[PDB]
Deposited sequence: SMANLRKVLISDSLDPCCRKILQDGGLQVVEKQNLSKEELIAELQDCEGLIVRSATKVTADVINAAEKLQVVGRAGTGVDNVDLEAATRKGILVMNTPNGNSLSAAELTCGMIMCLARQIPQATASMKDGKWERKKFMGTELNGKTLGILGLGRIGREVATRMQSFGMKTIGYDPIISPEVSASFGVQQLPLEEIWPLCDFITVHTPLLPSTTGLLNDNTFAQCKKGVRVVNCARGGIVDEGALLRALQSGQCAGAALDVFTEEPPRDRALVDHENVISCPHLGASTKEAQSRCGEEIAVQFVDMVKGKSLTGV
């Protein structure tokens, strides 16, 4: 609740996967002018899968809906009626993977949510899928993710969170198709002020 900053970064990560804005910026700083290399894809009419439909997940959904993206997802707690109010069609996990163009994770870190995006899951996904993780490290299996990026099963990945912070295994962050942030989800003057203030109202 103290959320909108993690949701805005996730949305900004989605826009970066579609047009490769960080890669295009790094290319420019190197004195290059590569038009052909950074030919992207439109967000209008594309399917975004949202696994975890809490406070973050619903804000991402409403923001990405204004872009013409189809918002579908899953949550074991959130009823189909609650998800339908904010325009998210709930389907079972196995029916979500092949329809998705973009996938974002917004669940807490739990053993059941650890490795949610694995080799078996990625194989069920559409070829050239884009994955976002601005939640917690370990939700998307890093080993399974690098393999999918290597094979082309996953076209791109935007990672704010990792299993180890700072990560020693640089294979993911070094990959050209990977967008990265050093855990910047909550890193805003507006959210940290709200987090610092909301800890006092729950106290009293």
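Unmodelled regions of the deposited sequence, numbered from residue 1: 1-98, 101, 304-314.
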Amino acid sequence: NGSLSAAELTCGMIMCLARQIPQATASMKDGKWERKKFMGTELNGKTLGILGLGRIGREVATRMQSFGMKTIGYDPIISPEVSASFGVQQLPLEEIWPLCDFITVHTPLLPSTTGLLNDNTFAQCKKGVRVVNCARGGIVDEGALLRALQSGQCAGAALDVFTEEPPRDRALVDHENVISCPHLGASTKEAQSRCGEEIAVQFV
From here on, numbers count along this sequence of modelled residues.
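The question of which stretch, 164-172 or 47-55, has the higher mean Cα B factor is settled in favour of 164-172. The PDB entry reports B-factors from which the mean C-alpha value can be compared for 140-148 and 57-65; the larger average falls on 140-148. Taking the PDB entry at face value, the top CA B factor among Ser112, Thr104, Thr107, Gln89 belongs to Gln89. Taking the deposited Cα B-factors for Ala84, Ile72, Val129, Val132, the highest one is held by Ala84. Among the modelled residues of the chain, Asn177 sits in the middle third by CA temperature factor in this PDB entry. In this PDB entry, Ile199 carries a Cα temperature factor that places it within the highest third of its chain's modelled residues.
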